[PDB]
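Have a look at the structure below before the remarks.
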Amino acid sequence: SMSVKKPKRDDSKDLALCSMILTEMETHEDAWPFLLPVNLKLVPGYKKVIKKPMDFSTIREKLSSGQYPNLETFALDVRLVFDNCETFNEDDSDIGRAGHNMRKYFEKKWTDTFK
């Protein structure tokens with residue numbers, strides 16, 4: 001509360017470490033459904049159904065331009081990518097399985113880096 005603060009957790013490396021995690025996700029062989037925004041002109045249903053589209057290129061641009069206020073807002077956008085994928089794709093599709101694999105991969109890097 002006012003003039004009463006918990007000790008300062010060092011966040012000075014967070015930007016660099018989120019960038020490293022994002023590089024690792026970008027270079028994973030199963031990243032291909034997630035590298036670019038879904039083409040809203042060419043994929044029926046996507047625009048209406050997926051209220052907040054997100055992809056790795058869009059996170060990379062946000063990261064590079066100071067649009068994440070903290071590491072939690074970064075993780076929210078990453079998870080959004082996989083949440084959208086599960087909303088639109090059957091679990092037993094190539095894209096559906098890619099999304100499960102990538103979410104697993106991300107959550108381990110996240111825990112190992114920050115928890």
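If you read the sequence from its start, that first residue is 1, and numbering goes on from there. Only this structure's heavy atoms are used, side chains among them; waters, hydrogens and symmetry mates stay out.
- Side chain of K51 to main chain of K47: no donor-acceptor pair is present (N/O by atom type, distance under 3.5 Å, no hydrogens or angles).
- With sequence neighbours excluded, the residues that form a side chain to side chain contact (heavy atoms under 4.5 Å, CB included) with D92 are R97.
- Side chains of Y68 and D77 form a contact here, defined as non-hydrogen atoms less than 4.5 Å apart.
- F106 and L80 fall within a single hydrophobic cluster, where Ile, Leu, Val, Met, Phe, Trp and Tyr are joined by side-chain heavy atoms under 4.5 Å apart, directly or via other members.
- Contact detail for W110 and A75: the closest heavy-atom pair is CZ2-CB, 3.6 Å.
- Side chain of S64 to backbone of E61: no donor-acceptor contact under 3.5 angstrom is found.
- The main-chain N or O of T73 is found under 3.5 Å from a side-chain atom of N70 such that the two form a donor-acceptor pair.
- Between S1 and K5, the shortest heavy-atom distance links the atoms O-NZ, 3.0 Å.
- Between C18 and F114, the shortest heavy-atom contact is SG-CZ, 4.1 Å.
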Which donor-acceptor pairs under 3.5 Å do the side chains of residues 21-29 make with protein atoms, sequence neighbours left out?
residue	atom	partner	partner atom	Å
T23	OG1	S19	O	3.1
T23	OG1	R60	NH2	2.9
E24	OE1	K109	NZ	3.3
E26	OE1	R60	NH2	2.8
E26	OE2	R60	NE	2.9
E26	OE2	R60	NH2	3.4
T27	OG1	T23	O	2.9
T27	OG1	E24	O	3.3
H28	ND1	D30	N	3.0

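- At a threshold of 4.5 Å between non-hydrogen side-chain atoms, the residues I59 and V78 count as touching.
- Minimum heavy-atom separation, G99 to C85: CA-SG, 4.0 Å.
- In plain terms, the two heavy atoms of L35 and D55 that are nearest each other are O-OD2, 3.3 Å.
- Side-chain atoms of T58 and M54, non-hydrogen and from C-beta on, do get closer than 4.5 Å to each other.
- A search for side-chain hydrogen bond (donor to acceptor under 3.5 Å, both in side chains) contacts involving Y46 returns nothing, not counting sequence neighbours.
- Smallest separation of non-hydrogen atoms from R103 and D83: NH2-OD1, 2.7 Å.
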